[PDB]
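Order-wise, the sequence lines are chains A, A', B and B'. A prime marks a further copy of an entry chain. Residues 10 to 177 (the deposited numbering) make up the first sequence, in order. Residues 178 to 530 (the deposited numbering) make up the second sequence, in order. Residues 355 to 530 (the deposited numbering) make up the third sequence, in order. Residues 355 to 530 (the deposited numbering) make up the fourth sequence, in order. A short worksheet on the structure shown next.
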Amino acid sequence: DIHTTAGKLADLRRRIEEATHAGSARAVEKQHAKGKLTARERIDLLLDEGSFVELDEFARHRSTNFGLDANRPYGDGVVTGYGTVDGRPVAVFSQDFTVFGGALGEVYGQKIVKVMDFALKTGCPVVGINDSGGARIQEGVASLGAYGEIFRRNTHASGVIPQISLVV
Amino acid sequence: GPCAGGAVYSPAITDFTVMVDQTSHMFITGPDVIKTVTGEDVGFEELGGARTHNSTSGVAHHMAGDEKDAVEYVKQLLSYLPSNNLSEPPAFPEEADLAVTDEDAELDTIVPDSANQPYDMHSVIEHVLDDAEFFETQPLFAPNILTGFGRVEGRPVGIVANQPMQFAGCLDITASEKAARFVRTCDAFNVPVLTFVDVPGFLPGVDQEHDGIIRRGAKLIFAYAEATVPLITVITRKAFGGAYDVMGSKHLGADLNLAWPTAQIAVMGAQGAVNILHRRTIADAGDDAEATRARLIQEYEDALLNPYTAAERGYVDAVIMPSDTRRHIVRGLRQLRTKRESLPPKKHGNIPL
Amino acid sequence: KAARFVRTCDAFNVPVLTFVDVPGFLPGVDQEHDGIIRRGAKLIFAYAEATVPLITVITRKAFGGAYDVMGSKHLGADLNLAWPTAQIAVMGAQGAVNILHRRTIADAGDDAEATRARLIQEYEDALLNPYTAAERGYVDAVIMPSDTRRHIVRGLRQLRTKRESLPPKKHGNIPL
Amino acid sequence: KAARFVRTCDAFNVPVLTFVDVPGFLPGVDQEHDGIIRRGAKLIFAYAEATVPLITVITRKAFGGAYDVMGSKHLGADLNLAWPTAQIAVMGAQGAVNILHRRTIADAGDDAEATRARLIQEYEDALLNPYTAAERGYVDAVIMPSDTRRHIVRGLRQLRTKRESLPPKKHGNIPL
């Protein structure tokens with residue numbers, strides 16, 4: 010049903026499936042054609058098997074500018090979470106090029122900030138996997154605010170927790 | 178044994194007080210005096226016996242059947258705490274098996290279909306703790322909220338959980354104070370806190386207001402907001418209004434906030450909401466005043482009475498299958514154990530009293 | 355009410371002056387059942403924790419636990435003054451004689467009471483004052499009521515440089 | 355040049371006032387090849403690290419990354435003021451319309467451009483100002499240019515007691 014508990018669990022399983030496949034099949038194809046891997050494939054290569062715990066998987070943007078609200082993909086264009094690399098704690102974010110060309114948005118940015126706050130809070134490295142066309146223009150200045158917030162964390166975490174940038 | 182006069186204030190200041198049924202008593206003023214001053218006739222047992230202080234006054238934390246069990250209870254209490262605030266609680270590390278068990282699965286069906294039928298939060302707690310062992314404190318006081326100790330992977334953790342079986346899990350003055358002190362106790366001694374949420378709001382009542390719920394209920398929010406130990410929150414079902422804020426919400430500083438598919442995170446009940454949002458829309462056309470409202474209500478609950486809007490905003494880090502609660506808590510505590518945070522410098526806070 | 359206030363003053367470095375005239379705690383089943391044990395303890399905790407200057411003046415009654423509660427020297431008060439009219443004792447004379455002289459009074463129902471009232475009057479004349487407390491230094495001085503202002507002013511001058519702190523901790527666990 | 359200066363002021367507790375009118379970074383293959391990515395980052399690092407009072411006034415252009423770089427609130431600036439003439443946006447209108455309206459413009463080669471120039475003119479009239487940034491609080495206020503001195507003076511009075519510090523570390527790892 011839906012109004013039943015079982016129905017709600019099935020509803021979750023449906024959303025999970027939509028979230029893990031946020032990008033269109035065609036977008037994924039082009040990504041692979043360019044000899045590039047997907048955001049989730051990269052995280053799986055980095056983290057120890059089964060250690061990945063995704064954060065903000067169902068995040069969605071709040072913009073209505075230039076018809077952007079027509080499409081609100083789960084995760085909003087970046088896969089984030091934590092796990093282990095060789096048994097040691099690591100926080101990670103992986104930009105998804107198949108979603109809006111990976112253009113950095115407001116929620117997209119907040120997700121990376123959460124990953125960074127988490128790493129600073131628990132004292133673990135942050136591995137950022139980059140693959141983005143640029144700022145999500147439709148969001149105007151909100152896009153720049155997200156950048157600024159990230160820049161500040163980068164500076165404050167400088168020399169405190171290791172920060173590695175994987176630009177693919 | 179007896180604890181009379183100003184003597185009672187010493188145990189009051191200590192962290193946990195354990196009494197014995199019908200063989201221990203605490204009271205500031207004796208029956209004799211209250212009688213000649215108030216004309217009230219009360220026996221020692223009714224005035225300040227173990228049962229009275231364990232379920233009515235909120236002062237004692239446990240009522241044992243005999244001294245032998247009472248001593249055993251403190252030993253247990255000590256087993257969950259560090260020798261002092263300089264170290265983490267004692268642990269006997271043992272890696273857990275994270276594969277889904279038949280027990281984990283049970284969780285997927287623990288929440289009934291009707292938003293009203295209650296379920297025992299004790300089961301939820303046991304399913305996440307090692308050997309399903311949950312050491313409860315203050316069982317007889319404010320039964321609407323549960324507090325206690327357990328272990329995850331051999332490491333001590335504290336627990337705070339609304340109990341749908343009593344007052345439908347609503348918070349009130351007593352539950353707020355019971356939980357507030359426990360959270361602060363765990364935090365002072367570096368014990369992580371796991372909270373399970375199913376709260377429809379605060380118990381309504383003139384008495385609640387007059388008795389000072391505004392300042393007494395604030396105690397719980399202050400406790401969570403002040404805490405620097407790891408905090409993981411799981412919303413199993415209801416979480417409305419301020420109550421949602423109070424129960425270890427991310428806004429207070431919780432590190433990991435999980436919500437089951439059955440969670441309902443909203444400002445207020447659907448009916449109470451639609452009555453305000455659609456006051457005029459329903460006002461018009463007295464013709465069929467109600468199926469339309471029952472429709473507006475149905476629509477409001479189908480659209481907002483779930484955890485997805487909170488998820489969109491990151492208020493909850495994840496919406497998970499109930500059967501995966503143990504895994505999230507286990508893997509969450511592993512990362513969170515190195516958490517280091519501090520409050521602004523001060524001699525001390527000014528928590529509401 | 356007083357507990358929250360004392361903690362407020364202390365948190366913001368405001369010295370606290372306290373005046374005592376308390377016979378004890380209000381009797382009543384309601385007081386116990388509503389949690390006077392844990393709610394009353396909040397005042398002793400507030401005073402024991404405070405590090406700002408503390409000056410206490412007992413004008414009159416200071417009995418039992420209440421005496422301890424009202425910023426007594428035992429809690430950490432820096433200067434404790436008492437007027438000649440102060441009565442610092444474990445409990446009221448009547449309550450005290452009933453325990454101390456329960457036997458000598460039980461003797462001879464004849465003349466039970468005037469001897470009772472006699473002992474009460476004797477007890478209060480011997481212990482219902484501040485002098486035993488002054489002997490042990492519990493009060494720093496017994497003063498003429500009119501010298502209260504001079505003592506407060508001069509005490510505050512010396513006490514303003516007070517520096518003290520509690521053992522390190524994230525925070526305390528005050529009764530709630 | 356600015357980065358070293360900001361760090362100098364900060365190290366010696368000197369407040370920094372910054373005025374913004376920047377359209378972006380100087381285009382050029384040389385800029386990239388000589389390391390603008392790591393050398394430009396030095397300014398954001400300097401501003402994000404600074405703990406002295408920071409007051410920023412955008413007089414005009416504030417586009418893209420440059421806006422972030424020039425002591426934006428996102429980096430930690432305490433007070434961000436903007437004149438009515440300020441234009442705070444992701445990029446210039448032309449560059450923005452070419453991306454946003456690439457399709458609607460491609461349509462009808464007939465009248466390709468005036469519609470193009472139309473959208474550009476519309477975009478700048480809607481977003482090339484400080485009001486969207488003011489809506490989100492990115493700027494604390496939009497002020498009359500003549501009130502700049504009053505805001506600076508009163509802001510500096512409140513900000514002089516500013517106390518902030520970065521996470522403990524031997525030192526940072528600023529781009530070199």
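Backbone N, C-alpha and C define an ideal beta-carbon position, used for all residues, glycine too.
In chain B, which residues lie with their C-beta within 8 Å of the C-beta of residue i?
{"i": "residue 616 of chain A'", "result": "There is no way to answer for residue 616 of chain A', as the model of chain A' reaches only from 178 to 530."}
Would you mind telling me which residues of chain A' sit closer than 8 Å to residue i, beta carbon to beta carbon, in chain order?
{"i": "B/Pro-529", "result": "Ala-189, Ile-190, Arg-358"}
In chain A, which residues lie with their C-beta within 8 Å of the C-beta of residue i?
{"i": "A'/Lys-516", "result": "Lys-130, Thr-131"}
{"i": "A'/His-505", "result": "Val-62"}
{"i": "B'/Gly-418", "result": "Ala-144, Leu-153"}
List the residues that DSSP assigns as beta-bridge partners of residue i.
{"i": "A'/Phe-312", "result": "A'/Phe-326"}
{"i": "B/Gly-418", "result": "B/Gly-418 pairs with nothing; no bridge assigned."}
{"i": "A/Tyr-91", "result": "A/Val-62, A/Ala-100"}
{"i": "A'/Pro-179", "result": "A'/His-202"}
{"i": "A'/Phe-379", "result": "A'/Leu-348"}
{"i": "A'/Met-240", "result": "A'/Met-196"}
{"i": "B'/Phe-373", "result": "B'/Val-411"}
{"i": "B/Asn-434", "result": "B/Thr-410"}
{"i": "A'/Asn-321", "result": "In the DSSP output, where bridge partners are listed per residue, A'/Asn-321 has none listed."}
{"i": "A/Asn-139", "result": "A/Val-176"}
{"i": "residue 341 of chain B", "result": "The structure shown has nothing for residue 341 of chain B, since chain B only spans 355 to 530."}
{"i": "A'/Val-334", "result": "A'/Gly-327"}
{"i": "A'/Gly-226", "result": "A'/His-202"}
{"i": "A/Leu-113", "result": "A/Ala-144"}
{"i": "B'/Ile-442", "result": "B'/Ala-416"}
{"i": "A'/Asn-339", "result": "A'/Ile-322"}
Output, in chain order, the set of chain A' residues within a Cβ distance shorter than 7 Å of residue i.
{"i": "B/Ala-395", "result": "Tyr-186, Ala-189, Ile-190"}
Enumerate in chain order the residues of its own chain whose CB-to-CB distance from residue i is below 7 Å, with the five nearest sequence positions on each side excluded.
{"i": "B/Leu-482", "result": "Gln-441, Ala-443, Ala-447"}
{"i": "A'/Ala-181", "result": "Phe-204, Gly-207"}
{"i": "A/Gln-40", "result": "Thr-47, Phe-106, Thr-107"}
Quick one: which chain B residues come within Cβ less than 7 Å of residue i?
{"i": "A'/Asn-321", "result": "Within 7 Å Cβ-Cβ: nothing; A'/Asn-321 doesn't reach chain B, min ~17 Å."}
{"i": "A'/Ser-201", "result": "The premise fails here: A'/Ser-201 is roughly 13 Å from chain B at the closest Cβ pair, so nothing lies under 7 Å."}
To which residues of the same chain is residue i closer than 6 Å at the C-beta, ignoring the five residues directly before and after it?
{"i": "A'/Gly-325", "result": "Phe-311, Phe-312, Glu-313, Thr-314, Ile-336"}
{"i": "A'/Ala-273", "result": "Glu-330, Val-507"}
{"i": "A'/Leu-258", "result": "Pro-266, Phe-366"}
Starting from the beta carbon of residue i, find every residue of chain B' whose beta carbon is closer than 8 Å, and list them in chain order.
{"i": "A/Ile-146", "result": "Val-444, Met-445, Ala-450, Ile-453, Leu-454"}
{"i": "A/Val-135", "result": "Within chain B', no residue comes near A/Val-135; the closest Cβ sits about 13 Å away, beyond 8 Å."}
Check the Cβ of residue i against every Cβ in chain A' and list those closer than 9 Å, keeping chain order.
{"i": "A/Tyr-117", "result": "Within 9 Å Cβ-Cβ: nothing; A/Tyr-117 doesn't reach chain A', min ~11 Å."}
{"i": "B/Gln-385", "result": "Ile-205, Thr-206, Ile-211"}
{"i": "A/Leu-77", "result": "Here the premise fails: no neighbours, minimum Cβ distance about 15 Å."}
Counting only the same chain and skipping the five closest in sequence on each side, list residues whose C-beta sits under 8 Å from that of residue i.
{"i": "residue 533 of chain B", "result": "Because chain B in this structure spans residues 355 to 530, residue 533 of chain B falls outside the shown range and cannot be described."}
{"i": "A'/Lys-355", "result": "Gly-235, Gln-315, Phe-318, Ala-319, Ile-322, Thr-324"}
Residues of chain A with CB under 7 Å from residue i, in chain order?
{"i": "B'/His-525", "result": "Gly-168"}
{"i": "residue 140 of chain A'", "result": "Given a span of 178 to 530 for chain A' in the structure shown, any question on residue 140 of chain A' remains unanswerable."}
{"i": "A'/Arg-508", "result": "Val-62"}
{"i": "B'/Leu-520", "result": "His-165"}
{"i": "B'/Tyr-421", "result": "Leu-153"}
For residue i, is the beta carbon positioned less than 7 Å from some heavy atom of the ligand COA?
{"i": "A'/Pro-522", "result": "Absence of the ligand COA from the depicted structure is noted, as is the absence of any ligand whatsoever, leaving it without description."}
So with CB distances below 7 Å, who are the chain B' contacts of residue i?
{"i": "A/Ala-151", "result": "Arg-490"}
query: In the region 50-74 of chain A, which residues sit with their C-beta less than 9 Å from some C-beta in chain A', listed in chain order?
result: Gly-59, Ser-60, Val-62, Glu-63, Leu-64, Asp-65, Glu-66, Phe-67, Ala-68, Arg-69, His-70, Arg-71
- prompt: Between the region 208-220 of chain A' and chain B, which residues of the former have CB atoms less than 8 Å from a CB of the latter, in chain order?
  reply: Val-210, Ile-211, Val-214, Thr-215, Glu-217, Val-219
query: How about the region 428-441 of chain B and the region 498-518 of chain B: do they share at least three Cβ pairs that are nearer than 8 Å?
result: yes
query: If we count Cβ pairs, one from each stretch, closer than 8 Å, do we get three or more for the region 286-299 of chain A' versus the region 314-321 of chain A'?
result: no
field: Segment contact, 8 Å Cβ cut-off, at least three pairs: the region 385-392 of chain B with the region 181-196 of chain A'
entry: yes
query: So does the region 117-135 of chain A actually touch the region 164-174 of chain A, counting three or more Cβ pairs closer than 8 Å?
result: yes
message: For the region 263-283 of chain A' against the region 499-513 of chain A', do three or more pairs of beta-carbon atoms, one drawn from each stretch, fall closer than 8 Å, so that the two count as touching?
response: yes
- prompt: Three or more beta-carbon pairs under 8 Å between the region 449-468 of chain B' and the region 392-403 of chain B', yes or no?
  reply: no
field: Cβ-based contacts, 8 Å cut-off: residues of the region 158-171 of chain A near chain B'
entry: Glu-158, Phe-160, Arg-161, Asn-163, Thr-164, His-165, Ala-166, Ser-167, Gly-168, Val-169
task: For the region 79-92 of chain A, enumerate the residues whose C-beta is nearer than 7 Å to any C-beta of chain A', in chain order.
output: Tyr-91
Cβ contact check for the region 221-228 of chain A' and the region 243-250 of chain A': 3 or more pairs under 8 Å: no
field: Inter-stretch contact (C-beta, 8 Å, three-pair minimum) for the region 409-428 of chain B and the region 367-376 of chain B'
entry: no
query: Are at least three pairs of beta-carbons, each pair with one atom in the region 187-196 of chain A' and one in the region 144-159 of chain A, less than 8 Å apart?
result: no
- prompt: Any residues in the region 363-375 of chain A' with a beta carbon nearer than 8 Å to a beta carbon of chain B? Which ones, in chain order?
  reply: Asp-364, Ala-365
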